[PDB]
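Visitor: So that we are looking at the same thing, I have put the structure below in structure tokens.
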Amino acid sequence: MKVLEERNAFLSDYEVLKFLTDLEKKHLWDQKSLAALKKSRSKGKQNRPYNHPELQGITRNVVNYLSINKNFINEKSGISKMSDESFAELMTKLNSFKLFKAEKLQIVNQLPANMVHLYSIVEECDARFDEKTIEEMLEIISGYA
Amino acid sequence: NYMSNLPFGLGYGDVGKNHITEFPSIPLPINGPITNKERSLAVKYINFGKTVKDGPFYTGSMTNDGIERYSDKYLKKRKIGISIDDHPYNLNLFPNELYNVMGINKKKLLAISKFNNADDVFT
Amino acid sequence: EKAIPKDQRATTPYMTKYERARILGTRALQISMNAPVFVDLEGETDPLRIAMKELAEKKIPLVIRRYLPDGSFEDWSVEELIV
Amino acid sequence: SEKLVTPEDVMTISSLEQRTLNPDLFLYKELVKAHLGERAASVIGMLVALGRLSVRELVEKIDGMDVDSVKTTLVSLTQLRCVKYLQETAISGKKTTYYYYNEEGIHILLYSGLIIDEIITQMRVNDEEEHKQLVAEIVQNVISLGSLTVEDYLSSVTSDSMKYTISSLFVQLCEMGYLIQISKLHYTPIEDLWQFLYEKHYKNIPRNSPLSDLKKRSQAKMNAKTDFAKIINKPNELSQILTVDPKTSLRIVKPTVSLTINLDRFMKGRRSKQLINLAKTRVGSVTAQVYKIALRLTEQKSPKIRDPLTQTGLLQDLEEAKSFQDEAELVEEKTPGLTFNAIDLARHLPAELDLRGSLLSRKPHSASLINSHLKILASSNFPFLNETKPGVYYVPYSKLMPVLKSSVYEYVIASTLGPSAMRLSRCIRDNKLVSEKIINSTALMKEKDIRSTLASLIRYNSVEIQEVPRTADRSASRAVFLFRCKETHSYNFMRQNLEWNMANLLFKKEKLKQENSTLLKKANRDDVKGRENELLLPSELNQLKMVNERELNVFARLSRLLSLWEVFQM
Amino acid sequence: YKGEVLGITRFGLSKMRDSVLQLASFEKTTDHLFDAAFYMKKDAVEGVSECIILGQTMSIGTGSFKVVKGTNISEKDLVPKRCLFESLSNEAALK
Amino acid sequence: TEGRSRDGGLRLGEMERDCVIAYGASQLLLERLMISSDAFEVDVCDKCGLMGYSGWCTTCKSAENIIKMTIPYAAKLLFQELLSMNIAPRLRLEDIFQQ
Amino acid sequence: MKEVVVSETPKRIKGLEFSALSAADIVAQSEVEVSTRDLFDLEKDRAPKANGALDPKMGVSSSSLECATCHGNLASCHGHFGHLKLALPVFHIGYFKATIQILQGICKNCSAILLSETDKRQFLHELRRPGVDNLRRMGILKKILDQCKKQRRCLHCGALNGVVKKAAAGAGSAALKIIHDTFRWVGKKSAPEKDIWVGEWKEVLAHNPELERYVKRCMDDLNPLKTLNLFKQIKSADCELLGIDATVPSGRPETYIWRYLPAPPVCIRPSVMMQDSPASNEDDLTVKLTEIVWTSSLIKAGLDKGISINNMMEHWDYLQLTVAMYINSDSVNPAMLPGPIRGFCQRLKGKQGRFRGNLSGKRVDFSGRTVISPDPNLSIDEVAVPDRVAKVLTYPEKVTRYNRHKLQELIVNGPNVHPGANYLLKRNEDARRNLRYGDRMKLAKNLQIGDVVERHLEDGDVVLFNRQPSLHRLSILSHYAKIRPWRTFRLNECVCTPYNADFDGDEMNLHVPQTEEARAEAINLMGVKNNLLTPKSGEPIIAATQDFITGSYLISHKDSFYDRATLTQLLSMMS
Amino acid sequence: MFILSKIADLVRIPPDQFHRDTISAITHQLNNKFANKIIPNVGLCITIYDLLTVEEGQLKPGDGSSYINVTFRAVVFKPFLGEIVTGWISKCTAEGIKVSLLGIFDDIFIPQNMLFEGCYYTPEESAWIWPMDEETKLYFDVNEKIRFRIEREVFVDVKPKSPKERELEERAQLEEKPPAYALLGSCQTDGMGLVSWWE
DNA sequence: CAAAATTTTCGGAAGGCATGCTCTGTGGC
DNA sequence: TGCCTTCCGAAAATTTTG
RNA sequence: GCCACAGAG
Ligand SMILES: [Mg+2]
Ligand SMILES: [Zn+2]
Ligand SMILES: [Zn+2]
Ligand SMILES: [Zn+2]
């Protein structure tokens, strides 16, 4: 092993989730696959899925941690519903404001709620914006693109 | 037989033990305590060392991230270091091939000055 | 890189006997560890005879990397070598 | 041994990894790594290890440096007078610059605070209000920056009175000869300079000479010798206060040239101090003050610690060796500045020498009393003073430095191995060559302690064991053994031993400061420096005071080691 | 080929071969080993006797080349996939 | 071992070694004199160059540079014999692949 | 998760670097400090004494003792070094000529080289050309040393430098001395050193006139203590012109003087075999190292409390001789000791040494030696292995998808019927299992696809066949094996010409390769069909031999005429 | 939170995986060597993303496995300094509170040095006490979603000791390793905590 | 020129290697 | 029983000093 | 395991 460069690009959490779901579906690791192929019927094709417990476990834990509801209300993440063009529209609407690249990165990683979550995720909210821009961006991020 | 000829000044008991000490046990007459003038001398040594180590001739030992945050605003490095070319240089003393890295065109500016009458020891 | 372009090559295209020996050895060692055979087998089991039957009709997926003395190396496909 | 130690314990606790390096290499590398960075340390290490090197050879040998890093390191070393260079041309015309190592810069790095202390002592300015701080800071700035121009240093201060005091103090420092003008002479090697001068004075002789080759060689050598004596002493005499009256009828150091520390005059001062310390042993305490005044009056015009002609490789000819010795005795006797009488020393005694009842001949700084002191100096066992004419005195540096060497070596060996070591060393130095029985008869003490102490002296080369065979084939089984004292081997061995101890001390100090970098860095920067009490925790106070106390002890012992190591360079 | 008639003996193999181990296998093994330890001469293991001693493939015969297997993938299939977040990003509102 | 009275094997002398070299047989020679005669797994520290044991170099006091390698046991015997003679057979390692 | 990535890169030997070991390297790698001349303590169970020349810390010699440094048996410890400290330094029997050369090349009063700076620069420029080899480098060192000798006086001091040589140049105790004759070059000039010498002798002759007869042979000898202290003061920039590179810390002259003797591991000096004695014996290295420890103990105890210098120097010389004969026992005889051994230098040279006995050619497994009988009905690429030889010789075949059923049948057939298997080894296991202490039916059904089974040497397997005097390359060939039950190796007679074989009690050898790569190598390059031409001149060497050429002559004679039945009988006979 | 690392490595394709696709085989052994493992001074690798450049597969004399130099891109759990992240509280003790991100990177350890002032651990219900004023009363309970900023990241390499020391440890244990990778978080602003605290 | 240094040329002594390559046996420490 | 190198006084040959 | 002879090609 020789590390060549540390951080070639940044990843949105939506990209990570989509890639991991694609890997799960291609190797037939999903619960639908085991419900339809393994369970409730006898096996006749002998088409075993991919056999590597460590990668399966780490991918399952990551998709379970990403897909579920996050700390903004005590249903799902919201990422597991929104699509590519939704991401384009949402983050282009983000591009209209003065928030930086990494700031947009945490905006697209989690999704801020109305109560001081924007205050935590954005640095120096009062020094940036008045009330109307903050409430409208909160509306557009709570509207899920 | 081999181990049967001991010299006049030894017996059968002294031999059979080859433990030459690796640690030393003989001190010099320089080892004593520190006096007042020697304390001032040590202060002079340590002050000179601390002066030169930060000086314009040191050479290297052979957060810190490039991300775009906003803590960098109105925040600036606590000192501007001195390079190899930020000192007066006599052109005649130095050789010819060394003129590349040093700056003939760049302005010769720095001439520091520092000495303290108070000891830099915390004891 | 350090490799000569494939358009022109200044080494003999006739396959040396040592190259044949090493190709058969590596192919026999690879088949001996459960590698597929692209040539149909009539029932032969020992890996080395299968390796000879494979090379007799040129289905070996290796390439021979010839070292010149300086350090530059040329590539020759086993299909391209003639026997 | 309460519990046996594994070789891991030997490697970790006892300094054994350090016993396999040369004292010179280890000393120079540890000094450069202590003051400058690691790159300068590695460059100096390869320069000492492989000898003369060029920039391409330095790039090839040292791993991890490009040409730019090497050139930055060489510029940093060359400013601090630490590497010498020579531009050599070949037959093809490709000129290349070879780099060396010179002792002077390293010794300056090893003599810094001692140089500051000695120049404070030799300032001798009455009623100084701010002048001492100013001399200390100008000396520190000169040593740290290697060399500086007076004009460039003057621009850092804007007030008028302090600038005038800069002018006066630099004039004072250059007057006695501590800050000398630098030139390309201090950066070329002595051997290469002598080779060039000799070759130019040999090739210049007219050809087709019907005169002998050997004496032609000696004639060119003599002309090169007199030009060498002219060129080496050129900055030493006067080169920086030659200007008189720029404006307003004042003497100012030249505002055109850069000054640099003169190390050899500091060596003259340290040899004078060693002679004073020796004179404080046989005769007098006020008489020691008299001999101190006598040396300090003649400290500037004193001869070199090592003759530059001696390092020029011209010792193979025995006649030239005798000529060097005779020239030394010539200069030390009738230098036009080293001869003095009682009246010359009268005007320098401070208001602390009483001399009312200082001596009893029976069994106000007057001429007779100071003459009596100079006479009791002249009657001592070691040649402290000599008389070319009754009334005028000269100090014989040529016939006192071996005496000081012998005395210091004997006292060191006595204090580290016991009075038996002194007794045996003096017995085998007085007698030229002895067997064991002559020792047992002449040195009145027991047999086994002679054999033990003399066996212990062989390990450090105080005595050399000489075999005399009594058999056709040489064997120690039936042979007689004599014991001699070879001063040169012993002096060299203890010189390298003291260099090793100095370097070991500095290595331990560097390891201590490197291992505790966090606390030292936290306390280092200026806003806490001097007010460490409020923010530091109780354990940090003890740790910082332990570190500082150990540092002070290390550097004090380093000074005490220098006080014994300087003697063996002479 | 060295420039002078060296011959085939211990005194010729010393003057021809720079290697230490091959001379050590022939004659006066300890003397060559001690001289090599003293002069600190590097010994590039390329000689055949050295290769057999240290147990690795010699570089004559069937060790003159490395057999290589070619990966059957094209450069078009190894095009990197999209980095959507970096691609849609811009720096014009504040930077 | 030697002899049929100790269930021994056959010698492959220097002349046979030269005759196998004469054909260009490299892999066969490696098999005969290393794989099936005295094969041994050793650990070598590629910063100093001396043998260690069990993934540990007993000179640097660290396992940061230990590399597993295969040598004949006679090679290790020779190296230790040389080390007892104050000759240091330091090993230097390069990558088997050009990478 | 918390598991750190494990990186492995395969490596090869790039090249050896030969040097010496400084004191730090000898002590640092050690585990125990040998300081006792007692091997086994008689009081408790004949155990290896702690801090001894035999010690668990340096390894084990039996199969029931543990190392307690790595905790392994006799088959799992590579060896652990010890170190030994000498009371006084002694010379090295190997680098002695090197020591003579280096003291020839330096001054003996200030430890500096004798060359001027100009010649030194020229020679240093001469060494560091990019095209230098061994011959040129040793030639330049020879010229530097020959220039060192020619110098009259040193250049940093006015001292005299004479001639350095040995003492007796024989096999006696004098063979390890150095004489520095300092006045054979003194000439007829003033010579103050000669004055110092004559004054010293004018002082010493007052009380020992009997020594006046020996004033001519009293020369300034250089014992290892003064030699070592002359080594330490040599400038590091001077090492290049003496052949020693000064970059590495071991590259110093001081390294070539014995101050620390490394105690070799017990794995390279095991306990000599005993026939019927209830005790054991130890190798000559262990005994002689104990001898060294005792002599150094004597020297140190004598330096503690004074003894006459003659006795101390005598025992010191005995220590020097014992070190020298421990390293090399040919230059010095054991006759000079108070009162040959297998030393290190005698284990590295000779026919049955190591470099020609166990490294450049070594005994192999999987071989078999048998007398030779003819067999013309066998093809010229086929040697006949007896039934009772192929049941012990085996080939490791790895199971694939192509030879599962065959290897199953071989495994069931067992190790007592010829088409059978003798060992099986699995992937999950590290030790092979005997096929006679098992069931031989459960192992067939549960055969993993990656197993390895050592099958019997059956038909078609490649064997190396060899005759012991290997005059040329045809002496070792490769044959296909055929199994025929008559206890003798049989090969076709046309193949016997390169072997120089005569069926007169002749004995030939049969090796069997193990890996498939070597098998393919042997059958495709070493094969008898592929090698029918000797490279002596390209002539055919595998052809008809005696009584085959006679049959050819009798068939092809002019006065032969066969009818049709005899013709067809011969034709069907030859094929 | 997730970054892309360009990693170059030597991957070993066994002979018995020739039948599969080449990229699939490289992916399989790369997941064997890299997936759910930490690359030192880089982070924690989940899987590989895409192979950029591959070279021709070389062979070692003695074994038939093909060795390929692959320069791939891998996803890495390396959040920067200041990324708010949410986890689930799993344990607490007098030295701090242990929080895990529901199965991925179980080691997050919030200390009391940068935590909210006035907090104190009670050793009776296993909880911290965070009072905003006299009126408020809440406890740092378990199994809720907590938000915090990664303030410090610790990079320590693990070294196997000398085998004598390892043997001594093995003999002692028969009658808790330091974590190699760890992120230490903090809460120092409004809303830095459980959602129920800041409805 | 002949007294002395300085370099070269010619012996005797000491070392090394050969005395093939392997294989099988007893007999006794 | 033959063969070859290295080392070192010993004497013959040269340059070098007076 | 160390020496000594006896043999085989
Ligand atoms: Mg016969
Ligand atoms: Zn190591
Ligand atoms: Zn062990
Ligand atoms: Zn000298």
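To match Swiss-Prot, the residue numbers of chain F are left as they are there, and the shown ones run 1051-1149.
Structure determined by electron microscopy, 3.9 Å.
Quick reminder: no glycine exception, Cβ is built from N, Cα and C everywhere.
Annotations per Swiss-Prot:
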BINDING   F:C1095, F:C1098, F:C1107, F:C1110  Zn(2+) binding site
ZN_FING   F:1095-1110  zinc finger
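Help me picture these features in the structure, burial and contacts included.
Guide: Secondary structure at F:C1110 (Zn(2+) binding site), taken from DSSP and collapsed to helix, strand or coil, is coil. Of all the Cβ atoms in the protein chains shown, 17 others lie within 10 Å of the Cβ of F:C1110 (Zn(2+) binding site).
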Visitor: Once F:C1095, F:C1098, F:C1107, F:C1110 are set aside, which residues in the chain still have Cβ within 8 Å of the Cβ centroid of the Zn(2+) site?
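Guide: So the additional residues around the site are F:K1097, F:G1099, F:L1100, F:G1102, F:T1108, F:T1109, F:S1112, F:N1115, F:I1116.
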Visitor: Using DSSP with the three-state reduction, classify F:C1098 (Zn(2+) binding site) as helix, strand or coil.
Guide: coil
Visitor: Sort out the sequence-distant neighbours of F:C1095 (Zn(2+) binding site) for me: same chain, 6+ apart, CB within less than 8 Å of its CB, listed by position.
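Guide: Long-range Cβ contacts: F:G1102, F:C1107, F:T1109, F:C1110, F:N1115, F:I1116, F:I1117.
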Visitor: I'd like to know which of the binding-site residues F:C1098, F:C1107 has the most other Cβ atoms within 10 Å of its Cβ.
Guide: F:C1107
